[PDB]
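Notes for the one structure printed next.
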Amino acid sequence: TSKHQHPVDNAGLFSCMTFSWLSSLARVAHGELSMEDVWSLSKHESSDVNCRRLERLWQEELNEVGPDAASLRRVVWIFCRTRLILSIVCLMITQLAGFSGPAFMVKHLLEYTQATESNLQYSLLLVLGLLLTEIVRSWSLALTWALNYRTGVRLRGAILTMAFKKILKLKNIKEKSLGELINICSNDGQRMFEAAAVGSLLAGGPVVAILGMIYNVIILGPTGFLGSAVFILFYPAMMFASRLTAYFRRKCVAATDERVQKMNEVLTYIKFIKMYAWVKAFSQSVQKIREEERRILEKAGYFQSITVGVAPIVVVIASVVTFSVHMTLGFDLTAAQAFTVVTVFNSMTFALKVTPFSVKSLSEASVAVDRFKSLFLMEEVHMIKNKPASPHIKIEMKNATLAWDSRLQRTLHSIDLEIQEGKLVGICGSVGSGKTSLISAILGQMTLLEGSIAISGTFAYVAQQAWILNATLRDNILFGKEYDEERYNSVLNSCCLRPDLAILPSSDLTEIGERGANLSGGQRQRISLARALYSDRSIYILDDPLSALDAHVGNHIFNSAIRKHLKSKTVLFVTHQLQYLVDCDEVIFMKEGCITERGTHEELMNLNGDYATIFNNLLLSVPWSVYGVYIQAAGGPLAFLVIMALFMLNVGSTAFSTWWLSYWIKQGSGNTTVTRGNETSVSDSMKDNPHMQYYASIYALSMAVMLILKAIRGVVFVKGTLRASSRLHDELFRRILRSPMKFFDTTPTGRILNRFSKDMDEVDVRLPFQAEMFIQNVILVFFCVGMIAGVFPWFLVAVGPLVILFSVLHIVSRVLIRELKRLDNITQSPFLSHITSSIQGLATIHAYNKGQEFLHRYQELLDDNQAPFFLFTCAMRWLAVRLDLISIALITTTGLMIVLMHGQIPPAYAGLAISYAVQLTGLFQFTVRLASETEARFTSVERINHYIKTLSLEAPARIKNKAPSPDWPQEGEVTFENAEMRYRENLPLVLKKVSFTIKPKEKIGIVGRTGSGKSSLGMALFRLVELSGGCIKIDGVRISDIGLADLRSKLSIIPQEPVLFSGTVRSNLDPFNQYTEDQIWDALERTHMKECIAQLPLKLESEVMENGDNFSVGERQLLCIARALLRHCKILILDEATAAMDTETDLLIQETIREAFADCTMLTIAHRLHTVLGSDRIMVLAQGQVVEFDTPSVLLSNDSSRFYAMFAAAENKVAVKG
Amino acid sequence: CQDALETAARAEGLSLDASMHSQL
């Protein structure tokens, strides 16, 4: 942003109308644009002035009838009265010109064509007037759009500034939702801008529609109401279809959310699914959900494709009905009237296509005003401003009675508190005694009923949650204060921030998120102190600053700072630890809001009150490859050819109906002699044609065929795009579910989950719609060009230059338009971050009285975000104006070609050409608009296809070595021979030359340090990752010769963390349903789970949600071993099945495990040496090596044994607390 | 919400994006 004066304020009517300044800016840009090249916001569009005017208007409106019936709609209307009135007048002029020009000019031109005499001057005046009227209406529309954009930008800025100002002084911060508050100051502005723009554009339909209806009634006669009746019977049907599509999308949203939740659940425990060979059940469930979503999308597309393209269909149907009824009754019809009616119907269709978005914008505006009025009535916070009697006393309250606000909730009664400067006063009490009430009252969040409160100076506030600012260590600590070296060093040393600086390589400039992603509770508390220290206020308020901090560091910080730096300033201490008040100056005890005992520490101890009791208690651009891939996935070139053929068939049927109407008009009497009086002669009248019924039947059949073909084409296109989407879904699901988990380890599941969700929702919502719209617009434009060129072969000599000019305009425009959109979102991220940070820390800003700098920053960000948006809208309007001018030139060329050849062609062909030339308006702009949004989805298609050909292939399901034996394993004997294991390439080896033998029916407990390789035994035993060396023999058969499906079918592993898939209890035990009821009941009663299951009325049909947070933890674990029992595997491995659980529950679990699998081998991967006692043998791993291999009886009898040393260390750690 | 009767009229210079604001 670097400019002196905005070019808009220094532009004339023609310059602003044609947007010459932005054209010059684009020509300057034409390879990229930065923020240093764009202009800043204009002075007239500044947020400060608009916000002040809006606030003044709101204040004036409030003091009119009272703050109970004031509507912000009246305030908005008053604010934008002049601009909206000017916009309405300009749109009236535009609609009047657009109704007077084409219809009258076409009627005059076709009437002159039928005349026998030819004039080379009268037609030139008509075409010149038509061109002038079209230019005038286009320029007026451009001016209206520019004024509406300016008004909307100003209104959005003013309303956002007012909303931010009101929020900064909110009393009940937690009353409103966190998301709603952000959405109010982020999304509502765009809604208001769009609503104002399209509401100013609204007054273009009801006027021109009535004018056209009156013109048709005057021209045709009593039969002119047929088109009106057709429109009234058709457009509400389209509205009902749109409502039905929205209703179907409502359930589609829930279906997509369910599919997303299922995919997230599958990806969260992908390791467990692979280790349990339960892929098929989840795949079938996902397929069923996908087919349900496919049916919902099929219904939505069937109910949506009807309204995609309906204006030409409505025009043709209305023309068919009107002309058939008028001509069949015996009246007379001419080409001029018919084509004038066709053009007027086109005008009504354009108006009634523009109108629905205006209605939607009006509804959105009403919703936005209601929401804003809901927030603007919230209570405001107040600040204490009265001064004490003497400067010596800083805090003074006399029998003050204060109550909470939500109604008044009294909590403090008869409060007599007096604190002098330099005195440290502490607050003691329990939860709900009123310790937090006093903190809230001293800030100013409580109302006063009796007495008075004296407050002098400001306060330094520290939050319990330690709210942080979206900045670095240097910025947030200063908090806008001046930077000095010695003070900063002393503050850093006082709070012991040196370890924090040493840990972070760039702690001086380390960025911190809204809440803190790389910080702990103690570090956040310490930073809070540092910031508060720098603030250096007269009064210090500490609301539990050493709660999460450790005792030693907290005491050190207290002694170094509070007992030294704050010896001459008032300090208020509120904490749950009463041991810090021994050296404090004064002690105050809070109990039920009433003061009972207060004074010094020794006096409090001598009084033997409740304080003594509690004290002694605590003491103890995409390439064509993406398009080709999409075409191939759609069903090959055959589907594309079929779709194109159906679209061309529909468009050609419409064009053939129009051409047959023109042919019928041109036919006339067909050289038939009729009697009109005393003499007989040929009369040119269409009512004398004896083939009336033939033409009428052909016309009706053509209309019906066009409708049927349109419906068939829509259905086929929807089916094809949904089949392509389903094919892509199945292919992507198969690729991910079969790829090795190394991809999951390298790339987090969040990335693929977000890709799935966003890409699939976006494609299934937009891509068929945009593709259908673009194809229809392109084919309609091509047919319109061809039909005009068909009648006049010389039409191409002007199309060519116009074609290259349009291509040049598109080339230049495609760079600037796509660049300004990126710059709009560049500053949006700081805007949203600043909005989020302010709301999360409103209390801290209110306490620090920093509501002005934040407001100024918000205004600056709002201006820096509004300027690129305004520039982008102006560029869009300039492109639309250029396209409209191109279409105007095309229409002028068509009319000029029509004029020169008058008398050589039938008037019907000229009328057809002039009618098809008029429809070309808007089509070019629509084609250009849809050529940029379709590509935005093809990049998502390319991103989806990227993982399709990138994922590798895991081991085959069936190994050519075949199954070893039908009863394998024959026993439970395992052997190791130089086991080599590594997680990834270039990583250090986990297992290096480890060999051991495990006898049948042995209990093995593996215990070792972190990183030794204890967790790697399970990965290598299951052939999760191919070994880099050595061989493993089980029952005399090498493991590597057995397929993955067969190997995992006879081995059991207990997960470290209980896992419960969403669904049914039976589905969580055996989804494939291979076991019988009696076996399941016996397994349940083995772990004493029969009582907890049969009690529910849905024992086998109980609903289990995510993570199974409906039973107890012990119940979940017991269900886990019960599930592990079903597979009946001779080899079992246990890995840390206990985590922060009661004692008797673990005892019961251990005894159940011991009794249930007494005949199965044990490989216990546990870190607790107490639980591994009594096992047959103990395994110790030392950085991937084995040193001790014997029974624990002789291991504990040797002092030099490492296992004995570890057991002694564990015993010492348990015994010493201390 | 996004039917042809709405997006076609806003294709005259209005962005085809309502909110896209939901966050974590």
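Labeling convention for the structure tokens: chains A, B, ... as they appear, residues from 1 per chain, ligands from 1 in order of appearance.
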Hey, list the chain A side of the contact with chain B: 7 Å cut-off, only C-alpha atoms, answer as a count of residues only.
-> 15
DSSP-assigned helix (DSSP H, G or I) members of chain B, reported as a list in words = residues 4, 5, 6, 7, 8, 9 and 10 of chain B
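When CA of residue 1052 (chain A) is paired with CA of residue 1071 (chain A), their separation reads 17.0 Å.
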Taking 2 positions as the minimum chain separation for residues in the same chain, which residues sit within 9 Å of region 986-1000 of chain A when counting only C-alpha atoms? Answer as a compact mmCIF listing (two decimals) with N, CA and C atoms, in the first residue's frame.
# COMPACT_ATOMS: atom_id res chain seq x y z
N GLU A 971 2.39 -76.52 17.81
CA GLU A 971 2.58 -76.29 19.24
C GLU A 971 2.93 -74.81 19.40
N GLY A 972 3.40 -74.43 20.59
CA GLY A 972 3.72 -73.04 20.85
C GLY A 972 5.20 -72.79 21.05
N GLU A 973 6.03 -73.41 20.21
CA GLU A 973 7.48 -73.26 20.29
C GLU A 973 7.94 -72.21 19.29
N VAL A 974 8.76 -71.27 19.76
CA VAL A 974 9.31 -70.21 18.92
C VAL A 974 10.82 -70.17 19.13
N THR A 975 11.54 -69.73 18.11
CA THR A 975 13.00 -69.62 18.15
C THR A 975 13.45 -68.38 17.40
N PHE A 976 14.56 -67.81 17.85
CA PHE A 976 15.16 -66.65 17.22
C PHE A 976 16.59 -66.97 16.81
N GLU A 977 17.00 -66.46 15.65
CA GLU A 977 18.34 -66.70 15.11
C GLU A 977 18.82 -65.42 14.43
N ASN A 978 19.59 -64.61 15.16
CA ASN A 978 20.19 -63.38 14.64
C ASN A 978 19.12 -62.45 14.06
N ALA A 979 18.21 -62.02 14.94
CA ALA A 979 17.12 -61.15 14.52
C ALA A 979 17.65 -59.74 14.26
N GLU A 980 17.46 -59.25 13.04
CA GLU A 980 17.85 -57.90 12.65
C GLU A 980 16.60 -57.10 12.35
N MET A 981 16.47 -55.93 12.98
CA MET A 981 15.29 -55.10 12.84
C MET A 981 15.69 -53.64 12.73
N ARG A 982 15.06 -52.94 11.79
CA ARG A 982 15.24 -51.50 11.64
C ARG A 982 13.92 -50.89 11.20
N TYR A 983 13.61 -49.71 11.75
CA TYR A 983 12.32 -49.09 11.48
C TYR A 983 12.25 -48.57 10.04
N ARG A 984 13.28 -47.86 9.59
CA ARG A 984 13.30 -47.26 8.27
C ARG A 984 14.73 -47.26 7.74
N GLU A 1002 5.52 -71.28 28.82
CA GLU A 1002 6.39 -70.44 29.62
C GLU A 1002 5.86 -69.01 29.68
N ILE A 1004 6.98 -65.25 29.93
CA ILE A 1004 8.15 -64.42 29.65
C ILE A 1004 7.77 -62.96 29.86
N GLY A 1011 13.59 -47.36 24.16
CA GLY A 1011 14.48 -47.44 23.01
C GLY A 1011 15.33 -48.69 22.94
N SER A 1012 15.23 -49.59 23.92
CA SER A 1012 16.01 -50.82 23.87
C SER A 1012 15.53 -51.75 22.77
N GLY A 1013 14.23 -51.76 22.48
CA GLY A 1013 13.68 -52.61 21.45
C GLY A 1013 12.60 -53.54 21.95
N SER A 1016 9.66 -53.48 19.80
CA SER A 1016 9.94 -53.97 18.46
C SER A 1016 9.77 -55.47 18.32
N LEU A 1017 9.63 -56.21 19.43
CA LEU A 1017 9.43 -57.65 19.34
C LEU A 1017 8.10 -57.97 18.67
N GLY A 1030 18.91 -62.33 9.01
CA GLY A 1030 18.60 -63.42 9.92
C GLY A 1030 17.34 -64.17 9.52
N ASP A 1159 -2.81 -72.18 29.33
CA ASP A 1159 -2.27 -73.08 28.32
C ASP A 1159 -1.63 -72.35 27.15
N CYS A 1160 -1.54 -71.02 27.21
CA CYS A 1160 -0.98 -70.22 26.13
C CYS A 1160 0.30 -69.55 26.60
N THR A 1161 1.27 -69.44 25.69
CA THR A 1161 2.55 -68.81 26.02
C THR A 1161 2.36 -67.32 26.27
N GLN A 1183 19.81 -51.90 24.91
CA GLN A 1183 20.07 -51.22 23.64
C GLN A 1183 20.11 -52.20 22.47
N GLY A 1184 19.16 -53.14 22.46
CA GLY A 1184 19.08 -54.11 21.39
C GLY A 1184 19.89 -55.36 21.58
N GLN A 1185 20.32 -55.66 22.81
CA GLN A 1185 21.10 -56.85 23.09
C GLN A 1185 20.56 -57.53 24.34
N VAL A 1186 20.75 -58.84 24.42
CA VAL A 1186 20.31 -59.64 25.55
C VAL A 1186 21.53 -60.11 26.33
N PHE A 1189 19.52 -64.37 30.73
CA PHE A 1189 18.47 -65.29 30.27
C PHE A 1189 18.44 -66.46 31.26
Do you know which residues are at most 12 Å from residue 827 (chain A) counting only C-alpha atoms, after dropping those on the same chain fewer than 6 positions away, and could you put them as a count of residues only?
-> 16
Neighbours of region 148-165 of chain A within 9 Å (only C-alpha atoms; same-chain residues fewer than 6 positions away dropped), as JSON, numbers by chain?
-> {"A": [44, 45, 46, 47, 48, 49, 50, 51, 52, 53, 54, 55, 76, 79, 80, 83, 84, 87, 184, 185, 186, 188, 189, 190, 191, 192, 193, 194, 195, 196, 197, 198, 200, 201, 372, 375, 376, 835, 851, 855, 858, 859, 862, 863, 866, 869, 870, 873, 874]}
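Excluding residue 807 (chain A) itself and any same-chain residue fewer than 6 positions from it, the protein and nucleic acid residues within 12 Å of it, counting only C-alpha atoms, are residues 799, 800, 801, 813, 814, 883, 886, 924 and 928 of chain A.
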What does the file look like for those residues with C-alpha atoms, as a compact mmCIF listing (two decimals), in the first residue's frame?
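File written: selection.txt
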# COMPACT_ATOMS: atom_id res chain seq x y z
CA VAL A 799 -16.48 -12.59 -35.51
CA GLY A 800 -12.80 -13.35 -36.15
CA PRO A 801 -11.40 -9.99 -35.02
CA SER A 813 -7.74 -10.49 -17.27
CA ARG A 814 -6.81 -14.03 -16.15
CA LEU A 883 -17.59 -8.46 -22.21
CA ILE A 886 -18.03 -6.99 -26.96
CA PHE A 924 -20.02 -14.34 -22.73
CA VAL A 928 -15.86 -16.51 -18.75
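Comparing the minimum interatomic distances between residue 772 (chain A) and each of A:927, A:1040, A:42, A:470, counting only C-alpha atoms, we find that A:927 sits nearest.
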